[PDB]
């Protein structure tokens, strides 16, 4: 229970689910739900459940046909359901029938029910490695890779009535981030935050902030080295970022052909970066990318990813935020 302490929680047993990367992790109640991913040989569409209170793994109860095995998809929790969107579908080993997706599946937590939201009308282009979050009773998906180029569009869909809902493209304003994919997204205060990612020639360590009300982006002027402030984290892709107590925590990812395991923290109010010093009794997680993160109570949870030598991981780590 030591504060600011990494703790190596029990990994996902081999008979429960395969060690994976490019998966999605969502927090609900006192459990973490892992969906999709890449075990090193094939795509996945199982649903795992890590009970945080007693650290017990199990296959989550699922009825109905789940989404096609995929990775680089997004998952968000709205109300009592989890919403899967997008991703990369096909057969990895034989390199055939590969396509990005723009479908929408709902997983009802109380019943384990998989329902596909067959949305009518104009849909957002099928994409992978997009950003996604839930805000104001709507699913927001942003950027990604569509097959030919990176994206910088943004779409919303109301999650209130499956039959009475459709997609709407957001007329974004402000400094729209450069076309990006493989980046984490966190909502804090009433703003959505995006840090770095894979953006081609425009790959940087800029921090972007999207205020939902006026739908405007702002690249927070950071590295105020005039103030001697600690520098921003190195530019990276495949990293995770979570929000907790007016702070953003960035971990992992591939940064200039390395896998740093430093824990970076961004004070949203004071616009300052810092490296969180883990306690002496901490079990430091190894550098990884394409892992996944969620927050339960005052602790962050890291699952899976790809460590050095292209090795898939089933490890689960917990960092005590406070």
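Residue numbers count along the first chain shown, from 1.
Can you tell me which stretch has the higher mean Cα B-factor, 226-234 or 203-211?
Per the PDB record, 226-234.
Averaging C-alpha B-factors over each stretch, which comes out higher, 217-225 or 90-98?
Looking at the record's C-alpha B-factors, the answer is 217-225.
I'd like to know which of 128, 196, 148, 133 has the highest C-alpha temperature factor in the PDB entry.
Going by the entry's C-alpha B-factors, 148 comes out highest.
At the C-alpha atoms, which of 47, 268, 43, 293 reaches the highest B-factor in this entry?
In this record, 268 carries the highest C-alpha B-factor of the candidates.
Check where residue 115 lands among this chain's C-alpha B-factors and tell me if it's the lowest, middle or highest third.
It falls in the middle third of the chain.
Considering every modelled residue of the chain and its Cα B-factor in the PDB entry, is residue 262 in the lowest, middle or highest third?
Ranked within chain, residue 262 CA B lands in the middle tercile.
Mind checking which third residue 63 falls in for C-alpha B-factor across the chain?
Answer is middle: the recorded C-alpha B-factor places it there.
Lowest, middle or highest third: where is residue 104 by C-alpha B factor in its chain?
For residue 104, the deposited C-alpha B-factor lands in the lowest third.
If you rank every modelled residue in this chain by C-alpha B factor, which third holds residue 278: lowest, middle or highest?
Top third by C-alpha B-factor.
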